[PDB]
Structure formats: C-alpha cells, structure tokens
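> start00.cif (mmCIF, N, CA and C atoms) pasted underneath:
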```
data_protein
#
loop_
_atom_site.label_atom_id
_atom_site.label_comp_id
_atom_site.auth_asym_id
_atom_site.auth_seq_id
_atom_site.Cartn_x
_atom_site.Cartn_y
_atom_site.Cartn_z
N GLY A 1 -200.85 -69.88 101.94
CA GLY A 1 -200.85 -71.04 101.01
C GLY A 1 -202.15 -71.80 101.07
N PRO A 2 -202.29 -72.87 100.27
CA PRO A 2 -203.50 -73.69 100.24
C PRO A 2 -203.62 -74.59 101.46
N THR A 3 -204.84 -74.75 101.96
CA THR A 3 -205.09 -75.63 103.08
C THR A 3 -205.71 -76.94 102.61
N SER A 4 -204.97 -78.03 102.75
CA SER A 4 -205.50 -79.33 102.38
C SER A 4 -206.39 -79.85 103.49
N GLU A 5 -207.69 -79.69 103.31
CA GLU A 5 -208.65 -80.09 104.32
C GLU A 5 -209.50 -81.23 103.79
N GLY A 6 -209.13 -82.44 104.16
CA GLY A 6 -209.85 -83.60 103.72
C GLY A 6 -209.54 -84.82 104.55
N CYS A 7 -210.29 -85.88 104.32
CA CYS A 7 -210.07 -87.14 105.00
C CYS A 7 -209.40 -88.13 104.05
N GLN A 8 -208.66 -89.08 104.60
CA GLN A 8 -207.96 -90.06 103.78
C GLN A 8 -208.84 -91.28 103.52
N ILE A 9 -208.29 -92.25 102.80
CA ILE A 9 -208.99 -93.50 102.53
C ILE A 9 -208.73 -94.49 103.65
N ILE A 10 -209.81 -94.92 104.28
CA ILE A 10 -209.74 -95.86 105.39
C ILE A 10 -209.45 -97.27 104.88
N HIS A 11 -208.59 -97.97 105.59
CA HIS A 11 -208.23 -99.33 105.22
C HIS A 11 -209.31 -100.30 105.70
N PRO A 12 -209.76 -101.21 104.82
CA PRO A 12 -210.82 -102.18 105.13
C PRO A 12 -210.55 -102.96 106.42
N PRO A 13 -211.38 -102.73 107.45
CA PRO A 13 -211.22 -103.38 108.75
C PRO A 13 -211.69 -104.83 108.74
N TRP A 14 -213.00 -105.03 108.83
CA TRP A 14 -213.57 -106.36 108.83
C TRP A 14 -214.15 -106.66 107.45
N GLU A 15 -214.75 -107.84 107.29
CA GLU A 15 -215.36 -108.23 106.03
C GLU A 15 -216.45 -107.24 105.61
N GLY A 16 -216.10 -106.35 104.70
CA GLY A 16 -217.04 -105.36 104.24
C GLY A 16 -216.41 -104.39 103.27
N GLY A 17 -217.01 -103.22 103.14
CA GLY A 17 -216.48 -102.20 102.26
C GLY A 17 -217.03 -100.84 102.61
N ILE A 18 -216.76 -99.86 101.77
CA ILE A 18 -217.24 -98.51 102.04
C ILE A 18 -218.03 -97.95 100.87
N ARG A 19 -219.18 -97.41 101.21
CA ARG A 19 -220.09 -96.83 100.25
C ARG A 19 -219.84 -95.34 100.13
N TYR A 20 -219.31 -94.92 98.99
CA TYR A 20 -219.07 -93.50 98.75
C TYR A 20 -220.29 -92.86 98.08
N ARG A 21 -220.14 -91.62 97.65
CA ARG A 21 -221.23 -90.91 97.00
C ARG A 21 -220.94 -90.72 95.51
N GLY A 22 -220.23 -89.64 95.19
CA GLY A 22 -219.95 -89.32 93.81
C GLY A 22 -218.68 -89.97 93.30
N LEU A 23 -218.55 -91.27 93.55
CA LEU A 23 -217.40 -92.03 93.10
C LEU A 23 -217.84 -93.38 92.56
N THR A 24 -217.33 -93.76 91.40
CA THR A 24 -217.58 -95.07 90.84
C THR A 24 -216.43 -96.02 91.21
N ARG A 25 -216.53 -97.27 90.77
CA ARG A 25 -215.54 -98.28 91.09
C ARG A 25 -214.31 -98.13 90.20
N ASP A 26 -213.40 -99.11 90.28
CA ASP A 26 -212.07 -99.04 89.64
C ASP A 26 -211.19 -97.98 90.32
N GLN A 27 -211.84 -96.99 90.91
CA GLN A 27 -211.18 -95.96 91.68
C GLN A 27 -211.10 -96.38 93.15
N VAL A 28 -211.20 -95.39 94.04
CA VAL A 28 -211.21 -95.58 95.50
C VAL A 28 -210.00 -96.38 96.00
N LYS A 29 -208.95 -96.43 95.19
CA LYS A 29 -207.70 -97.06 95.60
C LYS A 29 -206.69 -96.00 96.00
N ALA A 30 -206.13 -95.32 95.02
CA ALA A 30 -205.17 -94.26 95.29
C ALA A 30 -205.83 -92.89 95.19
N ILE A 31 -206.35 -92.43 96.31
CA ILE A 31 -206.93 -91.10 96.42
C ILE A 31 -206.25 -90.37 97.58
N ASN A 32 -205.95 -89.10 97.38
CA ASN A 32 -205.26 -88.32 98.40
C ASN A 32 -206.19 -87.97 99.55
N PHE A 33 -207.15 -87.09 99.29
CA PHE A 33 -208.06 -86.63 100.32
C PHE A 33 -209.47 -86.46 99.77
N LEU A 34 -210.45 -86.86 100.56
CA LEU A 34 -211.85 -86.62 100.25
C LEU A 34 -212.20 -85.18 100.59
N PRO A 35 -213.12 -84.55 99.83
CA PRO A 35 -213.55 -83.17 100.09
C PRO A 35 -214.20 -83.01 101.46
N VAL A 36 -214.09 -81.81 102.03
CA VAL A 36 -214.70 -81.53 103.33
C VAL A 36 -216.21 -81.71 103.25
N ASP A 37 -216.77 -82.32 104.28
CA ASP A 37 -218.18 -82.72 104.31
C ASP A 37 -218.47 -83.73 103.21
N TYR A 38 -218.03 -84.95 103.46
CA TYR A 38 -218.30 -86.07 102.57
C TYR A 38 -218.76 -87.23 103.43
N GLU A 39 -219.92 -87.78 103.13
CA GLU A 39 -220.51 -88.79 104.00
C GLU A 39 -220.53 -90.15 103.33
N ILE A 40 -219.94 -91.12 104.01
CA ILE A 40 -219.83 -92.48 103.50
C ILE A 40 -220.61 -93.46 104.37
N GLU A 41 -220.79 -94.67 103.86
CA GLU A 41 -221.52 -95.71 104.58
C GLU A 41 -220.66 -96.97 104.70
N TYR A 42 -220.82 -97.68 105.81
CA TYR A 42 -220.11 -98.93 106.05
C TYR A 42 -220.97 -100.13 105.70
N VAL A 43 -220.71 -100.73 104.55
CA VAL A 43 -221.47 -101.89 104.12
C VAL A 43 -220.73 -103.19 104.46
N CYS A 44 -221.48 -104.28 104.55
CA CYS A 44 -220.91 -105.58 104.84
C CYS A 44 -220.52 -106.27 103.56
N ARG A 45 -219.62 -107.22 103.69
CA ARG A 45 -218.97 -107.84 102.55
C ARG A 45 -219.98 -108.48 101.60
N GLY A 46 -219.97 -108.02 100.35
CA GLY A 46 -220.92 -108.48 99.37
C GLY A 46 -222.12 -107.55 99.31
N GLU A 47 -223.31 -108.12 99.40
CA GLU A 47 -224.52 -107.33 99.53
C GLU A 47 -225.17 -107.58 100.88
N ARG A 48 -224.33 -107.73 101.89
CA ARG A 48 -224.81 -107.94 103.24
C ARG A 48 -225.01 -106.59 103.92
N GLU A 49 -226.01 -106.49 104.79
CA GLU A 49 -226.31 -105.24 105.45
C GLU A 49 -225.81 -105.25 106.89
N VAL A 50 -225.78 -104.08 107.49
CA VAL A 50 -225.37 -103.94 108.88
C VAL A 50 -226.36 -103.06 109.63
N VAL A 51 -226.59 -103.35 110.90
CA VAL A 51 -227.39 -102.46 111.72
C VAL A 51 -226.48 -101.74 112.72
N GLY A 52 -226.08 -100.55 112.33
CA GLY A 52 -225.20 -99.74 113.14
C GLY A 52 -225.38 -98.28 112.83
N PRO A 53 -224.75 -97.38 113.59
CA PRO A 53 -224.75 -95.96 113.26
C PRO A 53 -223.81 -95.68 112.08
N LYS A 54 -224.19 -96.20 110.92
CA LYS A 54 -223.34 -96.14 109.74
C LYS A 54 -223.50 -94.82 109.00
N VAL A 55 -222.70 -93.85 109.42
CA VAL A 55 -222.63 -92.56 108.75
C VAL A 55 -221.34 -91.86 109.14
N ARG A 56 -220.59 -91.40 108.16
CA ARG A 56 -219.31 -90.77 108.41
C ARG A 56 -219.18 -89.48 107.62
N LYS A 57 -219.21 -88.36 108.32
CA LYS A 57 -219.06 -87.07 107.67
C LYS A 57 -217.61 -86.61 107.77
N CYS A 58 -216.98 -86.43 106.62
CA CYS A 58 -215.61 -85.95 106.56
C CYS A 58 -215.50 -84.54 107.14
N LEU A 59 -214.51 -84.35 108.00
CA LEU A 59 -214.31 -83.07 108.67
C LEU A 59 -213.25 -82.24 107.94
N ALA A 60 -212.96 -81.06 108.48
CA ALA A 60 -211.95 -80.19 107.90
C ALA A 60 -210.54 -80.66 108.27
N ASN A 61 -210.47 -81.72 109.05
CA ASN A 61 -209.20 -82.32 109.44
C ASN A 61 -209.15 -83.76 108.96
N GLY A 62 -207.98 -84.38 109.04
CA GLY A 62 -207.80 -85.72 108.51
C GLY A 62 -208.43 -86.80 109.38
N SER A 63 -209.74 -86.74 109.53
CA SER A 63 -210.49 -87.75 110.26
C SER A 63 -211.99 -87.53 110.05
N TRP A 64 -212.76 -88.56 110.31
CA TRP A 64 -214.20 -88.51 110.10
C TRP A 64 -214.90 -88.19 111.42
N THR A 65 -216.21 -88.00 111.38
CA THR A 65 -216.99 -87.60 112.56
C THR A 65 -216.70 -88.48 113.79
N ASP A 66 -217.24 -89.70 113.79
CA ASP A 66 -216.97 -90.65 114.86
C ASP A 66 -216.23 -91.84 114.30
N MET A 67 -214.90 -91.84 114.38
CA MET A 67 -214.16 -92.94 113.81
C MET A 67 -213.89 -94.00 114.88
N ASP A 68 -214.94 -94.74 115.20
CA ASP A 68 -214.84 -96.04 115.85
C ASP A 68 -216.23 -96.66 115.88
N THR A 69 -216.56 -97.52 114.94
CA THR A 69 -217.92 -97.99 114.85
C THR A 69 -217.98 -99.47 114.47
N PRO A 70 -218.37 -100.33 115.42
CA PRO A 70 -218.53 -101.76 115.17
C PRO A 70 -219.84 -102.06 114.44
N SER A 71 -219.77 -102.13 113.12
CA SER A 71 -220.94 -102.41 112.31
C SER A 71 -221.22 -103.91 112.28
N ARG A 72 -222.27 -104.33 112.98
CA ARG A 72 -222.63 -105.74 113.03
C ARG A 72 -223.36 -106.15 111.76
N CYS A 73 -222.79 -107.11 111.05
CA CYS A 73 -223.35 -107.58 109.81
C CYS A 73 -224.60 -108.41 110.09
N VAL A 74 -225.75 -107.86 109.72
CA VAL A 74 -227.03 -108.47 110.04
C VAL A 74 -227.94 -108.46 108.81
N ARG A 75 -228.44 -109.62 108.45
CA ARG A 75 -229.35 -109.75 107.32
C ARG A 75 -230.34 -110.87 107.58
#
```
Would you mind writing the file's structure down as structure tokens?

Amino acid sequence: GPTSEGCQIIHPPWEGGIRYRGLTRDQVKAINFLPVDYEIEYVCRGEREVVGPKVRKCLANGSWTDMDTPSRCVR
C-alpha cells in the first residue's frame, strides 16, 4: 500500500510563526502532511527576527530534524 511519509503542522509555541516554502497564506491551517524533505523557518511574531538554529527539514517520519529549538526573538 501507499506510505504516508510526511510531517504534520506544528502548533504555534511562542509569539511567532512559521516560514514555509511553496505555500502561500490563507492556507497552512488544515494540512495533512508536508512532503518529505521540506525545510521551514521559525520567525518571530510580526516582522521580528530571531537568532537561532532556525532550520527544520521534514523527515520520512512524522517529525522534523531537531524538534526542540528556543528561537530568541532578537532585533
């Protein structure tokens, strides 16, 4: 049968959001799984920046590369 290999949509932790790639807005609400090897960025709320290891590569399983990253909002 088919293998569903993707990551889910992460729930907004702190004041901020998530920067996707080939996705526009109005979406990113109800999505099942992101494609394998998909890299997102952790942005701070609004147009605020963060200095952290902000990179998440979607794996072949339901989780990202390193899922625990305290992105300090710094501008």
> Taking the file as I've supplied it (selection: the PyMOL selection byres ((chain A and resi 42-47) around 6)), which residues are included? Please answer as a list in words.
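Taken on the displayed file, the PyMOL selection byres ((chain A and resi 42-47) around 6) yields the residues residues 15, 16, 17, 18, 19, 40, 41, 48, 49, 50, 54, 55 and 73 of chain A.
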> Those residues you just picked out, can you put them in a file as a PDB file, in the coordinates of the input with N, CA and C atoms?

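File written: result03.pdb
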```
ATOM      1  N   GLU A  15    -214.750-107.840 107.290  1.00  0.00           N
ATOM      2  CA  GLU A  15    -215.360-108.230 106.030  1.00  0.00           C
ATOM      3  C   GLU A  15    -216.450-107.240 105.610  1.00  0.00           C
ATOM      4  N   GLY A  16    -216.100-106.350 104.700  1.00  0.00           N
ATOM      5  CA  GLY A  16    -217.040-105.360 104.240  1.00  0.00           C
ATOM      6  C   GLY A  16    -216.410-104.390 103.270  1.00  0.00           C
ATOM      7  N   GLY A  17    -217.010-103.220 103.140  1.00  0.00           N
ATOM      8  CA  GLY A  17    -216.480-102.200 102.260  1.00  0.00           C
ATOM      9  C   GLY A  17    -217.030-100.840 102.610  1.00  0.00           C
ATOM     10  N   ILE A  18    -216.760 -99.860 101.770  1.00  0.00           N
ATOM     11  CA  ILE A  18    -217.240 -98.510 102.040  1.00  0.00           C
ATOM     12  C   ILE A  18    -218.030 -97.950 100.870  1.00  0.00           C
ATOM     13  N   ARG A  19    -219.180 -97.410 101.210  1.00  0.00           N
ATOM     14  CA  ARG A  19    -220.090 -96.830 100.250  1.00  0.00           C
ATOM     15  C   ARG A  19    -219.840 -95.340 100.130  1.00  0.00           C
ATOM     16  N   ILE A  40    -219.940 -91.120 104.010  1.00  0.00           N
ATOM     17  CA  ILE A  40    -219.830 -92.480 103.500  1.00  0.00           C
ATOM     18  C   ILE A  40    -220.610 -93.460 104.370  1.00  0.00           C
ATOM     19  N   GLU A  41    -220.790 -94.670 103.860  1.00  0.00           N
ATOM     20  CA  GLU A  41    -221.520 -95.710 104.580  1.00  0.00           C
ATOM     21  C   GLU A  41    -220.660 -96.970 104.700  1.00  0.00           C
ATOM     22  N   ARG A  48    -224.330-107.730 101.890  1.00  0.00           N
ATOM     23  CA  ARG A  48    -224.810-107.940 103.240  1.00  0.00           C
ATOM     24  C   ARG A  48    -225.010-106.590 103.920  1.00  0.00           C
ATOM     25  N   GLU A  49    -226.010-106.490 104.790  1.00  0.00           N
ATOM     26  CA  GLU A  49    -226.310-105.240 105.450  1.00  0.00           C
ATOM     27  C   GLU A  49    -225.810-105.250 106.890  1.00  0.00           C
ATOM     28  N   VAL A  50    -225.780-104.080 107.490  1.00  0.00           N
ATOM     29  CA  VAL A  50    -225.370-103.940 108.880  1.00  0.00           C
ATOM     30  C   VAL A  50    -226.360-103.060 109.630  1.00  0.00           C
ATOM     31  N   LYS A  54    -224.190 -96.200 110.920  1.00  0.00           N
ATOM     32  CA  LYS A  54    -223.340 -96.140 109.740  1.00  0.00           C
ATOM     33  C   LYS A  54    -223.500 -94.820 109.000  1.00  0.00           C
ATOM     34  N   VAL A  55    -222.700 -93.850 109.420  1.00  0.00           N
ATOM     35  CA  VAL A  55    -222.630 -92.560 108.750  1.00  0.00           C
ATOM     36  C   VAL A  55    -221.340 -91.860 109.140  1.00  0.00           C
ATOM     37  N   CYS A  73    -222.790-107.110 111.050  1.00  0.00           N
ATOM     38  CA  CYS A  73    -223.350-107.580 109.810  1.00  0.00           C
ATOM     39  C   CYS A  73    -224.600-108.410 110.090  1.00  0.00           C
TER      40      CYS A  73
END
```
> What is the distance, in Å and to one decimal place, between atom N of residue 4 (chain A) and atom C of residue 37 (chain A)?
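So the answer is 14.7 Å.
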> List the neighbours of residue 5 (chain A) out to 7 Å using all atoms listed in the file; skip same-chain residues closer than 4 positions along the sequence, and give me the result as a ChimeraX atom specification.
/A:33-36,59-62
> Taking only N, CA and C atoms into account, name the residue in A:68, A:20, A:3, A:39 that is nearest to residue 56 (chain A).
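Nearest candidate to residue 56 (chain A) out of A:68, A:20, A:3, A:39: A:39.
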> Take the PyMOL selection byres ((chain A and resi 71) around 6), run it mentally on this structure, and tell me the resulting residues as a list in words.
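For this structure, the PyMOL selection byres ((chain A and resi 71) around 6) resolves to residues 50, 51, 52, 69, 70, 72 and 73 of chain A.
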> Mind writing the picked residues with N, CA and C atoms as a short mmCIF file (atom, residue, chain, number, x, y, z; two decimals), in the frame of the given file?

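Saved as again32.cif:
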```cif
data_model
loop_
_atom_site.label_atom_id
_atom_site.label_comp_id
_atom_site.auth_asym_id
_atom_site.auth_seq_id
_atom_site.Cartn_x
_atom_site.Cartn_y
_atom_site.Cartn_z
N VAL A 50 -225.78 -104.08 107.49
CA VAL A 50 -225.37 -103.94 108.88
C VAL A 50 -226.36 -103.06 109.63
N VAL A 51 -226.59 -103.35 110.90
CA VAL A 51 -227.39 -102.46 111.72
C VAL A 51 -226.48 -101.74 112.72
N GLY A 52 -226.08 -100.55 112.33
CA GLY A 52 -225.20 -99.74 113.14
C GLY A 52 -225.38 -98.28 112.83
N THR A 69 -216.56 -97.52 114.94
CA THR A 69 -217.92 -97.99 114.85
C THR A 69 -217.98 -99.47 114.47
N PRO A 70 -218.37 -100.33 115.42
CA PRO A 70 -218.53 -101.76 115.17
C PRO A 70 -219.84 -102.06 114.44
N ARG A 72 -222.27 -104.33 112.98
CA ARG A 72 -222.63 -105.74 113.03
C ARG A 72 -223.36 -106.15 111.76
N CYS A 73 -222.79 -107.11 111.05
CA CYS A 73 -223.35 -107.58 109.81
C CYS A 73 -224.60 -108.41 110.09
#
```
> Any chance you could list, as number ranges by chain, the residues in chain A that come up strand (DSSP E) when DSSP is run on the backbone?
A: 16-19, 39-44, 56-57
> How many Å separate CA of residue 64 (chain A) from CA of residue 11 (chain A)?
13.3 Å
> Please, what distance in Å, to one decimal, runs between atom N of residue 12 (chain A) and atom C of residue 28 (chain A)?
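If I compute the distance from atom N of residue 12 (chain A) to atom C of residue 28 (chain A), I get 10.1 Å.
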